[PDB]
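Please read the structure below before turning to the comments.
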Ligand SMILES: *[C@@H]1O[C@H](CO)[C@@H](O)[C@H](O)[C@H]1NC(C)=O
């Protein structure tokens, strides 16, 4: 040691770490980045559950983000900030199982509550190193301990031959779990309270958080949860065992391959090779045609999430859940004909019925008719501006809003304290067109407090709003309640109940309560539509 | 012998009575025979023209009501009695009435011909709410109404047979129209400006005359208030009518000719006993005998017919009231009564839907339930009560009316549409029924102008307004006052804009889309589902 900053040397179960004093707007923070939490899932270890990181010697340098798990890189709009912001930002490699910790500087006196971030990316992409997940502001301004882990995505993370020894399924979720275990054992070394661990995540990350709520071994590893624009139930977060098996076999064939023999072959294929084909498994025209997601294997998920949210005891659970104004808009540009970032995307009725088939690929002819009918404004059934917005809502409501309204519903009714929001503020800095509104993913930069960095060109009120949001989230991590125990002159955020179905709007104005989360429409998707398949 | 009350029609001479109306006298001619009494061997058969008569036939009093079920659900309650027969029941009933201004019109007056409702099982031209005195006095209109055969007497068919070919109640109506072409001039009427108006079954009948070629040269315009030829209750298929007929015959104990001869030999009241037992089927609209799609009077189902028709030179006024379905709930629908506020349980509501939409499969019931539920207050008895009313109103009246208005407009007719939202101060049903089926007629007919009836001074003006709308449409095809700038104007209903007006105490408001989303559900979705 000798000369090193003493505030930046920590020991964990695996050995010694040297961190980095990072500069934040209102003062310094500590970052320990790229701490390994598992033996690299490489070689024979591919597709297999993660093994804990065998202890190292000397002082590990933990001052940079590590490799990002091997994934498909988005190339729809080269140069485009609005898509690149999600692209991997460190080397792609299968050796990717590391996690990051941000803590106050100096590391705090008494043990602070911990927030853990599980990123999204539809289970096919993502990294804890992306800028919009920088934990420094929450660390600095809210005295929070923040942790984020890398977990395997795509085939490496989720390709499953259910029932086999060699590719059991859900290993991405199992990487996430090992990181939570690591948190329990080690977070205290950084002044973290292993008895106050809140999970938060967004899209597939929010679905992840939901599945930890539903998976017993993972239940003992956290206390509160926050699900932003995602759910474990719903059309895209899981697969039946058989389907997962079909998809893995099909991919195996595509790359040129008794389960052992099959996976053995797969394992000898180069990483990129697998990534190059993961999209071909469903020629099937479908936005959410991502083939490798969590499998209902009767192990990690003892049963479908839908089943488990209708029969679980959530007496002891505080949950924060919400959606953004325009969940679907973002998705339209990725293969719904007529939609683009570069024009107003006004579509024709023909393009609407066509987009409904693609957006809802599980839908029969009669169901597509049902959807089209429910979303048509019969005053102006030909108006392109409306149809455009309709197509957005269909995709948005089917994939996010209704699963979330359902999740809030069942959980509240089944003993949970649920708090629900809808995020309504578009970034002054947003680089997507006006027609896309407040799109899926664009709350994250606010929760994380990015507008506090003066160099980012956010308006003043955005900087105030960010602070306000960070208060809600961390208050929730702290107490199970987003409200302020002291200051109650500014309006209260009531729990969501079956009785009142109350949620609040998040935008530049003070809090506003509303009743009913797309109540009528979600009744369509959650109650009616299923039965139109018992036919 | 007042020579003004004396007219020579093709059958002979008639003497009218000088009736008194608020601001002047009118000439009535009540109970004119337009057909030979359809009695004995003539039961179930097309009407024949009435034979000429010697001397001066007394036409100063209303004639017999066609033989019908008399309603006994709420005995002595004026809400129901007002619809009940107000003269002797008798199979001998084919009589019409003409009201005209006194002295009788100097030049040819547009004629309005009324057709009563009653679901094709009840009704009379002679009811108080169809009194033609005001429309004749105040607007100088020649107003005609006729009795037509109802129930088994008017609509019992054994399709394709010679001796009960069906639709005779409609043929009665037609013959009155024929009579008006031939005779109405002699009263000062203009046979070149005949306008038909009717409510409920009367509306559907009007609509059937639109859809029947031989009727078309007998009128020029039409008004269909709260009814349509299309929709669930107004028509039956050849197959189904024949089944209902033979089942009626079996229920009274009875080869086509032999079956009818046996029916013909049966007292009228006997058929009325088993009238309501042909569809035991716990619904409301379990009335068995209605117009039948016969390849004759109706060449094809009204749906088919309104879909392909060319309605080029035709003007139509159509509309609904604020709460069509409330009325029908009190008739055989559990939880509903004129006596309590009728706040219902969710379970009641689901069974209520299986009853109100008796055509509905398990699934479509579920659809209807899920559509009409207020998902914010899923259990509130006020909403489920009001919802039940809506389901029944929409399915049977509102959506059929929306659909026809759309089709006529699409195929070149000129369409004016309304919603009637004023609840009569003198109404006798409870508040939860709002503005129920039927309760617009009294205003169109001018009843509040009669001080003895205790209608508010506001309601009396509202009447004059509606009377102007109707007669203005009768005169011109356009309900708008041709000498009223600063209106605002009543726009034609088109498929693009979808404009109707609200008829109530506040001056006209133009609204767009007549239950657009909900009727899309009824008119586009359910069909596919079945
Ligand atoms: C906008 O761009 C898309 C994709 O290039 C194109 O297909 C669409 O027709 C355009 N929209 C219009 C009609 O301006």
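Using Swiss-Prot numbers, chain A covers 32-288, 296-573, in order.
So this one's X-ray crystallography, 2.9 Å, going by the header.
Even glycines carry a Cβ here, placed using N, Cα and C.
These come from Swiss-Prot:
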- A:234: active site, acyl-ester intermediate (ACT_SITE)
- A:365: active site, charge relay system (ACT_SITE)
- A:478: active site, charge relay system (ACT_SITE)
- A:100-A:127: disulfide bond (DISULFID)
- A:288-A:303: disulfide bond (DISULFID)
- A:440-A:560: disulfide bond (DISULFID)
- A:296: N-linked glycosylation site (CARBOHYD)
- A:381: N-linked glycosylation site (CARBOHYD)
- A:495: N-linked glycosylation site (CARBOHYD)
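Residue A:288 and residue A:296 flank a stretch of 7 residues with no modelled atoms, and their CA atoms are separated by 11 Å. Of the listed disulfide-bonded residues, namely A:127, A:560, the sparsest CB environment within 10 A is found at A:560. Across the structure, residue A:288 (disulfide bond) and residue A:478 (active site, charge relay system) place their CA atoms 38 angstrom apart. DSSP assigns residue A:495 (N-linked glycosylation site) to coil in the three-state reduction, outside any helix or strand.
Of all the recorded positions in the list A:296, A:381, A:560, the shortest Cα-Cα distance to residue A:100 (disulfide bond) is found for A:296.
If you check the recorded positions A:303, A:381, A:478, A:495 against residue A:234 (active site, acyl-ester intermediate), the ones with a Cα inside 10 Å of its Cα are A:478. When Cβ atoms from all protein chains are considered, those within 10 Å of residue A:296 (N-linked glycosylation site) total 7, not counting its own. Considering only the recorded positions A:296, A:365, A:381, A:495, residue A:560 (disulfide bond) has A:365 as its nearest partner by CA-CA distance.
Ranked by Cβ neighbours within 10 A across all protein chains shown, the recorded positions A:234, A:381, A:495 are led by A:234. For ligand 1, there are no nearby disulfide-bonded residues; that is, of A:127, A:303, A:560, none has a C-beta under 6 Å from one of its atoms. The Cα atom of residue A:127 (disulfide bond) lies nearest to that of A:303, taking the recorded positions A:296, A:303, A:440, A:478, A:495 as the candidates.
Neighbour count (other Cβ atoms within 10 Å of the Cβ, all protein chains): 16 for residue A:288 (disulfide bond). Within the same chain, residues at least six positions away from residue A:478 (active site, charge relay system) with a Cβ under 8 Å of its Cβ are A:234, A:260, A:362, A:364, A:365, A:366, A:367, A:368, A:369, A:434, A:438.
Fewest other C-beta atoms within 10 Å: among the recorded positions A:100, A:303, A:365, A:440, that description fits A:303.
Checking each of the recorded positions A:296, A:381, A:440, A:495 against residue A:303 (disulfide bond) by C-alpha distance, the shortest gap belongs to A:296. Recorded residues residue A:495 (N-linked glycosylation site) and residue A:296 (N-linked glycosylation site) have their alpha carbons 58 Å apart, per Cα-Cα distance. The DSSP secondary structure for residue A:100 (disulfide bond) is strand. Annotated pair residue A:381 (N-linked glycosylation site) and residue A:440 (disulfide bond), C-alpha to C-alpha distance, rounded: 29 Å.
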